[PDB]
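Laboratory data are not the source of any read-out in this text; all were calculated from the coordinates shown. Methodologically, a virtual Cβ is constructed for each residue, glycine included, from the backbone with ideal geometry; neighbour enumeration extends over all protein chains shown.
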Amino acid sequence: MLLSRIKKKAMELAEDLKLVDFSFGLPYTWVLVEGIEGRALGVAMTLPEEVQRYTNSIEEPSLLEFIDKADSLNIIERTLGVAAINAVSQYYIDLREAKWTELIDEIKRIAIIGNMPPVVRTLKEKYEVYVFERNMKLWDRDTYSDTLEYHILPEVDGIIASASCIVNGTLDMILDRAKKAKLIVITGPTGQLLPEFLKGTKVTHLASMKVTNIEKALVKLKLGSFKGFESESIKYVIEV
Amino acid sequence: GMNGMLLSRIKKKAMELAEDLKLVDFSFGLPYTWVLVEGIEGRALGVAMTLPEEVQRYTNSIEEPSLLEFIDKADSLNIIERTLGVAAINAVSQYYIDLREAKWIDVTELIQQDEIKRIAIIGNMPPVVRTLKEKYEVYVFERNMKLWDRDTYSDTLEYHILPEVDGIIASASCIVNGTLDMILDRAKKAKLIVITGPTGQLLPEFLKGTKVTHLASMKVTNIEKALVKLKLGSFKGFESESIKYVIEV
Amino acid sequence: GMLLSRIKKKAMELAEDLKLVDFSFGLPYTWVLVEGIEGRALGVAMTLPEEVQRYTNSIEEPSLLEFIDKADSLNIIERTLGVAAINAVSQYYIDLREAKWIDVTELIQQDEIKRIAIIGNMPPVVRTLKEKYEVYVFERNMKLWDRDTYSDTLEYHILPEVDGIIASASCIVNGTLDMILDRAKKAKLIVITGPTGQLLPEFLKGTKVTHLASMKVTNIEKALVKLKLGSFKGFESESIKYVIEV
Amino acid sequence: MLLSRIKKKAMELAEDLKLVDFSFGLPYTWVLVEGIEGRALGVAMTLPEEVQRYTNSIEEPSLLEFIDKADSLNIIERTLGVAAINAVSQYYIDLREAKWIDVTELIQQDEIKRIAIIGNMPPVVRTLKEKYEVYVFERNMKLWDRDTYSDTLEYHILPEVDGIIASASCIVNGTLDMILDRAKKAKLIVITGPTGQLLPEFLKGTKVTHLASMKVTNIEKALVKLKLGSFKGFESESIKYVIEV
């Protein structure tokens, strides 16, 4: 599992960081950390439809304990672990010259994992697009089942996968089936991880967002507002 | 919002009690949304079950969070605003709750104390269902597909079956989704109506005049340890830091 | 005291000279084909798989009277086949002389109706009314969730505040029709729209329902092919939409 | 896709067969065919939770047209196609070496330790959970348990199991290709259910070891029960078999 290798690298970076606060909440599970330079907020998308039991083996919460359960069979332990990996990453992230869609000549067929209407509408006009959605709420008249990813991914030149593919563990399959993909973009707040963690993989770019105001974003994360949390952050694209 | 709700009348009573209380912390999280409050006597933790299957959008009109702002949004069309509002009503209630005449029993024990023939169980609660299905005629209704059995009926059949039952055990989550008003209206022949679960932390005086007879809920004994488990998404961890009670209305 | 229990009693009196030809509990619609001295009639009801408890049926010997008698059953499979049979008998005897060949949107008037409750997400109807009226859309199925759609648990509280109601005819199969009419306190216009609304208007006499917006199958053979193939638009193209006043 | 290769072989066998009747219905989609020897009924499990739109490109229904749409991106076209492949298969099926046993008795303690069960089958799960290490995966929320896991974990758990009991519905949703690719250490792979009516020769070369399905003994009585939406009524008009691939 790729998430098992990412947590090993992240635990080496969490040595000088401490856990401040956390919450397995909606729409995002977040982990607040603190170092000598200041604080950092890491998030991971909560997928309640994947939750089988509301249990957690973690008795004493800590940053190293959260990161160690990132490859757990328990989705609650994974989401808190990925959020913690992102929290350590957002503390050490270098976004100096980070690019702001026009990232895609070269590409003819695109596979979009996770229904993102603004991204889909822009690409459906100029490229052959295949949208895959698992959640029934985000279903369009153009969306296909996620069971068809295994068969369509080897035929596409570009892949735009929702960063939620990291928490549900579907990232390992997406990369394995990306036989002919020249571009693989992991987009969303769950993609807050360091690009060095994905070195060697087929992932080409990471499109996420860094929290500019931790206090205001925490208020919006606790209130369950995605746009409110998004407005307290800056969107970035960094090459792996 | 929806001023016709029983929840619209409960928030009006709760806002009069939230005058000497302040908001400490909150979280729209899983399995429960919680609101932490503080008064002159100490702190109180109120919870309200999060129903993600009811969430259509992740939006919130609340810009400046406060205890009175949360309670005012209890009768909102937005489930996120309702859940945070009900958790805030429960927070205020848990600060002022008097459990002198509270019975330290299970909901199944409470039913056995009366002469019931047919029971309607709203919300699939396996321990409660298993105990009652062997001694009474039980009708289980579940809205969430995850908690669905081969013996659970659709919630659309509640409207037709509730007038035929003598007892009702409704999951306290009927307060956050807005089904409580219908359940009580259709409870024509029911002599025993129990609202069970941590979302039922509300004061019994708020349900005065309604057909609700009992409130089966739990009070947090250790706020710090229960918050750790609520943030970790562990229900039994939060349940172990609380005491279950059954109180008359 | 369900409304569907009273409709089946009236429909069984009309199914005396009709015989069952074929049937199918299928998707998107359950259908029942009947035959009389004048010819054949096809009746449909919307299959709601999310409501299915167990794939069981107490009917051993299928007949038109047996199907109609199980229209008020607790089993959704028996209800859907029963409603489809009631519609099949209705489509044989339906009189569309004074039926209006109009859309549901042009039926409502700005003169009095200020608030509209739309039960079942119908994008063309919603888009037209949302720009001129205060609209409240309620959807139970997650597949049909928009940026304006709300939960069906809020119907009980919002229906008493609306002047007009446009309810999907699927409210007849899941048994939500009885509640919708009870909570329609201030509604002056109640329209039951969809292929499940093929039942006779006389069956809804006395109720708060004002209009029935449905469709009559013009080509039974071609529509059956499209019903068996699972195509809604293919079956819709082999029918004619009508608006009949109750 | 494996279903794209199965339809090519099934279309060669549908030459002397004709379409009689069909229905995309619940619980099963069925296709009724006829040849010189008689009639055959093929079924495929309808998965309404997978249906996003109720559309079908098929204008003129035929046996070859149904089979050609078996690898379609449209679940309605796939289910009708798989039901048609099963209908052609049930006409040519040879059950001389078919075992009249349950899927549970096909597994022995001396060879298998970890079992992966795809599709929540309570009788099969209850029998195996007491003697083996079982991992149940369910995609439909209705058939979900506090003991079942998400289908996203199949990709990671399937390479660790000795045996696999997959619901034949994995053929219609399109998960069969992944299940077999992730069956790295599996010595036994059983595709169980009425959707597994297909010929064993179609799965020759694959990791699939057995096919546990059923053959309709009374077509008329089973059609009445399929149209009525009764699974047990249709099951009682059939005979369960286990044929080795």
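Using θ = phi - 60° in the Karplus curve 6.51 cos²θ - 1.76 cosθ + 1.60, the 3J(HN,Hα) couplings for the stretch C:74-87 round to 6, 7, 4, 4, 5, 5, 4, 5, x, 5, 4, 6, 4, 5 Hz; x is entered for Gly and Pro. Between rounded, prolate and oblate, where does the protein assembly as shown land on the alpha carbon gyration tensor, with a ≥ b ≥ c its root eigenvalues, rounded for a/c under 1.5, else prolate if a/b exceeds b/c? In terms of gyration-tensor shape, oblate.
Taking the Cα centre of the protein assembly as shown as reference, the dipole from Cβ charges on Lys and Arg (+1) and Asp and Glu (-1) amounts to some 100 debye. Annotation: amide H-H contacts under 5 Å for residue B:105 (H modelled 1.01 Å from N, sequence separation of 5 or more, or interchain): B:246.
With neighbour counts taken as other beta-carbon atoms within 10 Å, the residues C:168, B:61 rank, fewest first, as B:61, C:168. Straight Cα distances below 17 angstrom link residue C:130 to the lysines C:114, with same-chain residues fewer than 8 positions distant left out. By the beta-carbon count within 10 Å of each Cβ, the least crowded to most crowded order of D:128, D:95, C:65, D:41, fewest first, is D:95, C:65, D:128, D:41. A simple spin-label model places the labels of residue B:114 and residue A:94 7.0 nm from each other, with each point 7 Å out along Cα-to-Cβ. If one computes the Cα centroid of the stretch B:58-135 and of the stretch D:61-102, what distance in Å separates the two points? Measuring centre to centre over Cα atoms gives 51 Å. Per-residue Cβ neighbour counts within 10 Å put C:147, B:82, B:9 in the sequence C:147, B:9, B:82, beginning with the fewest.
Taking a sphere under 14 Å around the Cβ of residue D:16 and counting the other residues whose Cβ falls inside, with K and R at +1 and D and E at -1, yields a net charge of -2.
Centre-to-centre separation between the Cα atoms of the stretch A:184-240 and those of the stretch D:1-52: 47 Å. Based on the alpha-carbon gyration tensor of chain C and its eigenvalue square roots a ≥ b ≥ c, which shape applies: rounded if a/c is under 1.5, prolate if not and a/b is larger than b/c, or oblate? Verdict is prolate for chain C. Counting Cβ atoms of other protein chains within 10 Å of each Cβ in A:20-29 and taking the mean gives 6. Amide H contacts of residue C:239: C:218, each under 5 Å away and 5 or more positions distant or on a separate chain (H built 1.01 Å from N in the peptide plane; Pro and chain starts excluded). Within the stretch A:25-162, antiparallel bridges make up roughly 40 percent of the DSSP beta bridges whose residues both belong there.
Phi angles across the stretch B:42-47 convert, under the Karplus curve 6.51 cos²θ - 1.76 cosθ + 1.60 with θ = phi - 60°, into 3J(HN,Hα) values of x, 9, 9, 10, x, 10 Hz, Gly and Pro given as x. Put a plus charge on the Cβ of each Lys and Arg, a minus charge on the Cβ of each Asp and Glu, and nothing anywhere else: the dipole of chain D about its Cα centre is then about 440 debye. Electrostatic tally near residue A:34: other residues with Cβ closer than 12 Å to its Cβ, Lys and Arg +1, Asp and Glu -1, net -1.
Derived scalar couplings between HN and Hα for the stretch A:159-176 equal 10, 10, 9, 4, 4, 5, 5, 7, 6, 8, x, 6, 4, 4, 5, 3, 5, 5 Hz in order, rounded to whole Hz, by the Karplus curve 6.51 cos²θ - 1.76 cosθ + 1.60 (θ = phi - 60°), x for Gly and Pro. Counting charges near residue B:189 (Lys, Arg +1; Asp, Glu -1) among other residues having Cβ under 12 Å from its Cβ returns a value of +4. Between amide H atoms placed 1.01 Å from N, distances below 5 Å from residue B:153 occur with B:140, B:141, B:142, all of them 5 or more places distant or on a separate chain. Shown for the stretch A:1-102: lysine pairs separated by 8 or more places, or found on different chains, whose C-alpha atoms are under 22 Å apart, numbering 7.
Close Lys pairs in the stretch A:154-221 (alpha-carbon distance under 28 Å; sequence gap of 8 or more, or different chains): 10.
Other protein chain C-beta atoms within 10 Å of residue C-beta, averaged over C:132-141: 1. Approximating the spin labels as points 7 Å out from Cα along Cα→Cβ, the residue B:25-to-residue C:147 distance works out to 3.5 nm.
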